[PDB]
Amino acid sequence: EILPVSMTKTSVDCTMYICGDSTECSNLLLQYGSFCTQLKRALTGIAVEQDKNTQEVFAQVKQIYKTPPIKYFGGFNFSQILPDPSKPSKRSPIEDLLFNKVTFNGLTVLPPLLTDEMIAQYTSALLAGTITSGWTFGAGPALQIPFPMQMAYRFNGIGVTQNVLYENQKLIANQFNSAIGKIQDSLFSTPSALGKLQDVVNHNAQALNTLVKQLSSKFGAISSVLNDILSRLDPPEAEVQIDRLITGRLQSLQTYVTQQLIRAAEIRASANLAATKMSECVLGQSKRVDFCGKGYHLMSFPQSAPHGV
Amino acid sequence: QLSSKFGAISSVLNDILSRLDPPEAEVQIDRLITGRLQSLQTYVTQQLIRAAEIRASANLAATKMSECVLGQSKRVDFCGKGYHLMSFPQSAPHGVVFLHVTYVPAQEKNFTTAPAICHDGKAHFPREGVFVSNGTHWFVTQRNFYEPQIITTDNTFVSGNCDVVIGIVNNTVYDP
Amino acid sequence: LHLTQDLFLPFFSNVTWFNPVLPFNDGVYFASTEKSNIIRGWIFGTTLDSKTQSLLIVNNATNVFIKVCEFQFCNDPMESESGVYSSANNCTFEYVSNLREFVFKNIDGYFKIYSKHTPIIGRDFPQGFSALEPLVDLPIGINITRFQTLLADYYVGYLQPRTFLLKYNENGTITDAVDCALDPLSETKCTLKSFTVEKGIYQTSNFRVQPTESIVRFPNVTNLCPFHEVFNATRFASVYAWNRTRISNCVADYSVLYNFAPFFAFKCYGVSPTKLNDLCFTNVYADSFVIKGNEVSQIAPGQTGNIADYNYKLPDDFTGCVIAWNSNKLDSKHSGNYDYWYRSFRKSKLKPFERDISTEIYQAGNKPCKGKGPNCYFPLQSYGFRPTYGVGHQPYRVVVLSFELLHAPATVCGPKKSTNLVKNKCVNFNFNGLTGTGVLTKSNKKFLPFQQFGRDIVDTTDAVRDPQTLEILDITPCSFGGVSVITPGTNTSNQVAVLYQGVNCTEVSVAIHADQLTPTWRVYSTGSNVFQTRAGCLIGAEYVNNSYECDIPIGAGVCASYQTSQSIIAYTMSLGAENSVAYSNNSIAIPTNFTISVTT
Ligand SMILES: *[C@@H]1O[C@H](CO)[C@@H](O[C@@H]2O[C@H](CO)[C@@H](O[C@@H]3O[C@H](CO)[C@@H](O)[C@H](O)[C@@H]3O)[C@H](O)[C@H]2NC(C)=O)[C@H](O)[C@H]1NC(C)=O
Ligand SMILES: *[C@@H]1O[C@H](CO)[C@@H](O[C@@H]2O[C@H](CO)[C@@H](O)[C@H](O)[C@H]2NC(C)=O)[C@H](O)[C@H]1NC(C)=O
Ligand SMILES: *[C@@H]1O[C@H](CO)[C@@H](O)[C@H](O)[C@H]1NC(C)=O
Ligand SMILES: *[C@@H]1O[C@H](CO)[C@@H](O)[C@H](O)[C@H]1NC(C)=O
Ligand SMILES: *[C@@H]1O[C@H](CO)[C@@H](O)[C@H](O)[C@H]1NC(C)=O
Ligand SMILES: *[C@@H]1O[C@H](CO)[C@@H](O)[C@H](O)[C@H]1NC(C)=O
Ligand SMILES: *[C@@H]1O[C@H](CO)[C@@H](O)[C@H](O)[C@H]1NC(C)=O
Ligand SMILES: *[C@@H]1O[C@H](CO)[C@@H](O)[C@H](O)[C@H]1NC(C)=O
Ligand SMILES: *[C@@H]1O[C@H](CO)[C@@H](O)[C@H](O)[C@H]1NC(C)=O
Ligand SMILES: *[C@@H]1O[C@H](CO)[C@@H](O)[C@H](O)[C@H]1NC(C)=O
């Protein structure tokens, strides 16, 4: 199950975009009220909202948990999800597939506060806590317990007596191993598994492309370039052209900002949903139907992805 | 923003009216009207977006009150950090404050555990407890609070013989 | 707290402490500290040589006598008697009535004087604050550029347009004004409209490296254009037989033509600079006209009439200049110049840039027309150009210049000296009329031998080659970006750190060195305090290898905080403590006690 969590943080300089470093244009823009201040405030709010979204989704763990060196868990494999030290950035093979599968004029893209390595470290800590201490570490101090006993408790959690697990442990371990193996092939052969994240990226790219392209529209003026108009007429005549260009570009900026605000609200809702899923599906067993999978839920494992989980 | 000229002669309608001819005055008034109307539209759109956000927050608060206050919730980290016990609402200006009461364990203790017990050549599993040992004697206790009890037939149930369970351990189950 | 932009004295500026003629740079600041009453007044004006109206100011004992007169000299070129002065002639305006501070401002013909006489205790320079109240506003309305002190221990400063934040007291008295371009902290203070700032990151204005030089590169072709010969042609053809004359491959220095003939009808419709010499345009298409007096009005875009419908039509989207002058003594005949003809009848309407050549008789009747007789009129009338006609009927000579300004992949530029090309430098460029700013480098583009410019996916000029060198080069723009300020709060301290987002540290250091950054304020930039990170260049603090919890988020896992030897430190964020659970085949931890915790 894939869920977007974040969005690219963008900051736009109102003055440079509207006026191409022209003092005459700046003087005229100065009489249009505090529009640029409002745009800057909205963009900063969006950026801090994105940072808070990722912080809330991935930082639900108190202490970084480390898995023991020996990784025997009663036949369970747990290799494609645990980090592999024999590579940079310490990412799991599935995380490697996820990252390898995905992929000017006053516009700046601010980098996220938490680097991808930190997100991977949070994911590893959560997964290690889940597989070592069970679900107890989410409700207080971590309590060690052998994995087959945790699985027996989880079977008791869905109305199945625990003797079933101790009777068919080998079969269940083999089934889980095969199921976890098939996921790699499912995400490898199928190229459109991560459709939503790419859709978010494409939407942001389209918005930026439209914003930069609309700088070349005349809006019923002599030309789309300020400097040529400035060195073409006396200021009193050129003022009308400057005003028309200013109005057009300001409308473009306002439209872009409103669209970005709506998209940010949608991604905020998605991030809240993802945080709820991590709190309930991962840090414990949920009895809600069709919430943590399709069937009787047992457990879940998170994996980091670009702008998502 | 009412004091912004918006590229006009002035920001007061009276001076514009009693300073120029009707056509130029009409043009200036049109520019001022366009600017002020755009300001109103921007304000209304911002208010709508904030209203949607607060609507989502209010829905969340209503759900929390319906599930954390009017009953005990089993959802993890929904009604507080830890196992939920109860909650109390408190009215606040333009909001609500929840006092979540949670149960948090402490004072860990280490023990040796076994999946089953093989007394009469038959496997035994705890009914709802966990088989723990303090080195010498074996006991069954709750999985959330240390309370050892003597292992007995009324405390366990038997399922199969002693060759399937991997970690099965010899012991004695005293029948009452 | 009012934020206003006006002419002010910049804080901590150089002040000359002292009779030279100090220039009046649109506002001066005068502060004299004496008890001998040597200072008595001032003189203002442009030349001050008894030609313009010089402003005279004198303060004898209590009141300032203000006069606007025309004088060669005043009393000023053992102080026992002096009332004679030198001259007070031609007075066109009259007015009467420690640490003497004065601000003199002139704007829109209004002379504003701000005074403040605070008898400070002692004679040391006061390290304090005191506002200046408006004394008088005189609307004399004269030009002033120079001024001199009048005599019978003072400071002079010049005002610059700045932005200031002023704090008004409950009784509306200005106390403790703060500048907005002095210090990074006193820019965030202006941004937040408060005198106290809190600990955290704060966005502020944007930085941009300014251009260093300006290079103009035009292709050499120094032939002057044959504009004068066209203008000084002996005889022009008929208005319907207008001579098209294409001009190309020469220098469009027609500014000299402004003086050869006394133009009276000089209107430019699409482009009207007085200094039309920097314009490079492709086609000019000079035209020659001979019209009457009350006909020049018909030569205009969107104009209709007999000429527009039968003789000559101008397009609505016309970009050019229309020039006309009198031709009484060179385009008239005593008996009537019966040689200039014009079309009068046509069974159709003209279109822009079209000429009529057919001379067949017009058909003005329903029956087919064959010769004269019935209602058939020849569509040609000879002008009776007589010297006795009035201004509205006197013949005029008109020339129409139709420009086509769309970049410049062609010839015909005005007179402008070329300049050497500069590579690898943020320099203004004017390649053949294509104007912009950027850094020019060697380009490996395979331009076919007809392409001049080059665009990108966004349709911005990304490459150009000048004909004088025929060498292809790209137009990568100069560096820019946003800057942010790190502060630990006003209460804690005043040290700040700046972060130039999305720029290399070497580039920003080079720009700082050769005084090229727009935010003229400079952090001290000591050694081992310039840190490079993916967020940008952070010249405000040193980097420490220790790990702490994040306090002031910067980005890319780097956070800043104020520690104590108090200074700001930048460190990599730590994700809490580490704890490895001792997992085992048979080992379980069971709690033996609990805690009832309550959270809000
Ligand atoms: C009307 O427009 C035509 C086309 O532009 C003009 O054409 C030619 O213009 C030149 C210069 O005025 C005339 O002089 C000749 O120039 C050549 C240049 O190499 C020179 O070698 C000759 O000795 C001579 O000076 C040329 O006669 C003329 N050709 C024609 C067919 O007219 C024309 O001058 C314009 N005349 C007007 C304003 O009525
Ligand atoms: C857990 O799963 C991994 C992944 O398949 C197993 O690693 C494979 O081991 C076999 C036996 O040597 C190799 O032929 C494969 O090439 C390995 N796969 C990969 C992707 O390297 C591993 O054996 C399983 N069991 C344990 C205990 O790790
Ligand atoms: C396990 O028990 C031993 C002694 O019984 C103790 O020393 C050790 O700390 C325990 N492991 C824990 C508490 O993780
Ligand atoms: C373990 O529990 C038994 C219960 O009776 C007690 O007698 C004994 O002292 C405890 N400790 C050890 C080491 O057996
Ligand atoms: C448990 O008891 C059975 C039956 O006596 C015996 O075969 C087995 O070895 C015992 N296991 C242990 C660990 O003592
Ligand atoms: C302001 O005016 C009041 C009333 O005259 C006076 O008491 C007070 O001292 C004045 N100044 C300040 C700084 O409050
Ligand atoms: C004139 O231009 C040509 C071609 O660009 C060039 O080769 C020549 O050196 C130039 N001459 C002068 C004097 O600039
Ligand atoms: C800054 O420039 C230097 C040399 O010009 C280069 O080595 C370094 O990689 C640049 N910085 C970044 C972040 O690329
Ligand atoms: C748990 O049992 C396995 C059986 O294969 C063994 O390899 C491993 O060492 C054991 N773990 C211990 C003794 O800590
Ligand atoms: C549990 O901890 C509390 C401290 O909060 C202590 O007062 C109490 O005695 C402990 N319980 C036992 C059985 O020691």
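Here the Cβ positions follow ideal geometry from the backbone for every residue, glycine too, while neighbour counts run over all protein chains shown. Values in this text are rule-based calculations from the coordinates and carry no lab data.
Enumerate the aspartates and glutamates that C:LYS275 could reach by cross-link, defined here as Cα to Cα under 20 Å, with residues fewer than 8 away along the same chain left out.
A:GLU24, A:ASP228, A:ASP234, A:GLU237, A:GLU239, C:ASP253, C:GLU404
Normalise the Debye intensity by I(0) for the range C:51-120, one equal point scatterer per Cα, no solvent, then take log10 at q = 0.14 Å⁻¹ and round to two decimals.
-0.58
Which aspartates and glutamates does C:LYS112 reach when only Cα atoms under 19 Å apart count, and residues fewer than 8 places away in its own chain are ignored?
Hits, sequence-local ones excluded: C:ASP6, C:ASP26, C:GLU94, C:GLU101, C:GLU133, C:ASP137.
Straight distance only, please: which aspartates and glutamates reach the Cα of C:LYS425 with their own Cα at less than 18 Å, same-chain residues fewer than 8 apart left out?
Candidates past the 8-residue exclusion: C:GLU213, C:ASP462, C:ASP466, C:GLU471, C:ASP474, C:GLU507, C:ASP515.
Just the Kirkwood number for chain C, please: inverse of mean 1/r across all distinct Cα pairs, in Å, one decimal. Write down the numbers at each step before the final one.
On the way: mean 1/r = 0.0301 Å⁻¹.
Hydrodynamic radius (Kirkwood, Cα only) of chain C equals 33.2 Å.
In whole Å, what are the extents of the range C:75-207 along the principal axes defined by its C-alpha atoms, from largest to smallest?
Largest first, the range C:75-207 extends 67, 39, 33 Å along its Cα principal axes.
Rounded to the nearest whole Å³, what is the per residue volume of the convex hull around the Cα atoms of the range C:226-364?
133 Å³
Once phi is turned into ³J(HN,Hα) by the Karplus curve 6.51 cos²θ - 1.76 cosθ + 1.60 with θ = phi - 60°, what whole-Hz value does each residue of the range C:100-116 show in order, with x for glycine and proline?
Along the range C:100-116, the couplings run 7, 9, 9, 10, 10, 9, 10, 7, 6, x, 10, 9, 9, 10, 10, 10, 7 Hz.
In square nanometres, what is one fourth of the surface area of the convex hull spanned by the alpha carbons of chain A?
19.8 nm²
Can you pull the one-decimal nm distance between simple spin-label points at C:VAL221 and C:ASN98, each 7 Å off the Cα toward Cβ?
Roughly 7.6 nm, to one decimal.
Can you tell me the equivalent ellipsoid semi-axes for the range C:448-571? Use √(5λ) from the Cα gyration tensor, largest first, whole Å. Display every interim value, and only then the final one.
Details: eigenvalues 338, 48, 28 Å².
So the equivalent ellipsoid measures 41, 15, 12 Å along its semi-axes.
Need one number: the % of Cα-Cα pairs in chain B sitting beyond the 29 Å mark.
Numbers: 9594 of 15400 pairs.
Roughly 62 percent, rounded to a whole number.
Considering the convex hull of the alpha carbon atoms of the range C:1-158, report its projected area averaged over all viewing directions, in nm², one decimal.
Working: hull surface 42.9 nm².
In nm², the orientation-averaged hull projection of the range C:1-158 is 10.7.
Taking N as the number of residues in the range C:169-283, what value does Rg over Cα atoms divided by 2.2 N^0.38 Å take? Mind dumping the intermediate values first?
Working: Rg = 29.2 Å, N = 115, 2.2 N^0.38 = 13.4 Å.
My calculation over the Cα atoms of the range C:169-283 gives 2.19.
Given q = 0.13, 0.16, 0.26 Å⁻¹, what are the Debye log10 I(q)/I(0) values for the range B:62-136, with equal point scatterers placed on the Cα positions and solvent ignored?
Debye intensities relative to I(0), on a log10 scale: -0.62, -0.73, -1.15.
Counting only pairs 8 or more residues apart or on different chains, how many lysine pairs in the range A:1-141 have their Cα atoms under 29 Å apart?
Value for the range A:1-141: 21.
Hey, could you grab the Kirkwood Rh for the range A:79-214? Inverse mean 1/r over distinct alpha carbon pairs, Å, one decimal. Kindly include the intermediate steps, with their values, before the conclusion.
Numbers: mean 1/r = 0.0531 Å⁻¹.
It works out to 18.8 Å.
Tell me the net charge near C:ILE569. Cut-off is 11 Å between Cβ atoms, C:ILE569 excluded, with +1 for each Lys or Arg and -1 for each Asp or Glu.
Details: positive: none; negative: C:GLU542, C:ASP551.
Within the 11 Å Cβ shell, the charges total -2.
So which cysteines in chain A don't have a second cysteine's C-beta under 4.7 Å from them?
Lacking a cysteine Cβ partner under 4.7 Å: no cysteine of chain A.
How high is the FRET efficiency from C:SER82 to C:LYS417, r the C-beta distance, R0 41 Å, rounded to 0.05?
Values: r = 57 Å, r/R0 = 1.39.
Efficiency for this residue pair is about 0.10.
Among C:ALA177, C:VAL483, C:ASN593, pick out the residue whose Cα is farthest towards the positive end of the charge dipole of chain C, where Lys and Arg carry +1 and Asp and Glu carry -1 on C-beta, about the Cα centre.
Of C:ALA177, C:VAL483, C:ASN593, it is C:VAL483.
Distance in nm between label sites at C:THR245 and C:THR592, each 7 Å beyond Cα in the beta-carbon direction?
11.4 nm
Multiply the residue separation of C:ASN171 and C:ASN428 by 0.36 nm, subtract the distance between their alpha-carbon atoms, and state the gained length in nm to one decimal. The partial results should precede the final answer.
Working: separation 257, 0.36 × 257 = 92.52 nm, distance 5.17 nm.
Result: 87.3 nm gained on full extension.
Return the FRET efficiency for the residue pair C:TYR548, C:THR599: r is the Cβ-Cβ distance, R0 is 30 Å, and the value is rounded to the nearest 0.05. Don't jump to the answer; show the numbers that get you there.
On the way: r = 25 Å, r/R0 = 0.85.
The value I calculate is 0.75.
Between beta-carbons, use under 11 Å as the cut-off and find the net charge around C:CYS559, counting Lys and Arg +1, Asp and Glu -1.
Details: positive: none; negative: C:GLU549, C:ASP551.
Summing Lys and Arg as +1 and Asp and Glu as -1 gives -2.
If you average over every viewing direction, what projected area does the convex hull of the Cα atoms of the range A:207-285 give, in nm²?
Details: hull surface 26.7 nm².
Its average projected convex-hull area is 6.7 nm².
What's the exposure ranking of C:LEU473, A:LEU30, A:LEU126, going from fewest to most Cβ atoms within 10 Å? Before the final figure, lay out each step's value.
Values: C:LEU473 20, A:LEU30 13, A:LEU126 23.
Fewest to most other Cβ atoms nearby, the residues stand as A:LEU30, C:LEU473, A:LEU126.
Tell me, rounded to the nearest percent, the portion of alpha carbon pairs in the protein assembly as shown spaced more than 56 Å apart. The partial results should precede the final answer.
Values: 253700 of 588070 pairs.
Across the protein assembly as shown, Cα pairs with separations above 56 Å total 43 percent.
Over all pairs of distinct alpha carbons, what does the Kirkwood formula give as the hydrodynamic radius of the range A:50-157, in Å?
Working: mean 1/r = 0.0622 Å⁻¹.
Hydrodynamic radius (Kirkwood, Cα only) of the range A:50-157 equals 16.1 Å.
Ranked by Cβ crowding within 10 angstrom, fewest neighbours first, how are C:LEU330, A:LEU28 ordered? Before the final figure, lay out each step's value.
On the way: C:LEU330 10, A:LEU28 18.
Ranking C:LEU330, A:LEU28 by Cβ neighbours within 10 Å, fewest first, gives C:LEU330, A:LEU28.
Which order results if B:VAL158, C:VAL498, B:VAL12 are arranged by neighbouring Cβ count within 10 Å, fewest first? Don't skip to the answer; put the middle values down first.
Numbers: B:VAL158 16, C:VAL498 24, B:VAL12 13.
Least to most surrounded, the residues fall as B:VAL12, B:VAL158, C:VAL498.
Against the 2.2 N^0.38 Å scaling, with N counting residues, where does the range A:1-110 land? I'd like the Cα-based Rg ratio to two decimal places.
Working: Rg = 23.0 Å, N = 110, 2.2 N^0.38 = 13.1 Å.
After normalising by residue count via 2.2 N^0.38 Å, the value is 1.75.
What are the principal axis extents of the Cα atoms in the range C:338-390, in Å, biggest first?
41, 31, 17
Using R₀ = 56 Å, calculate the FRET efficiency as 1/(1 + (r/R₀)^6) where r is the Cβ-Cβ separation of A:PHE176 and B:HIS94; round to 0.05. List each step's numbers first, then the result.
Numbers: r = 50 Å, r/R0 = 0.89.
For A:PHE176 and B:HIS94, the calculated efficiency is 0.65.
In nanometres, what is the gap between the two model label sites at B:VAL164 and A:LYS90, each 7 Å from Cα along Cα-to-Cβ?
Placing both labels 7 Å along Cα→Cβ, they lie 4.2 nm apart.
Restricting to DSSP loop positions (anything but H, G, I, E, B) with no more than 16 other Cβ atoms inside 10 Å of their own Cβ, which chymotrypsin sites (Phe, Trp or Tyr not before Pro) remain in the range C:458-558? Provide the component values of the computation, followed by the final result.
Numbers: sites: C:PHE480, C:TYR500, C:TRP521, C:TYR524, C:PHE531, C:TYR543, C:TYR548; in loops: C:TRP521, C:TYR524.
Filter output for the range C:458-558: C:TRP521, C:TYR524.
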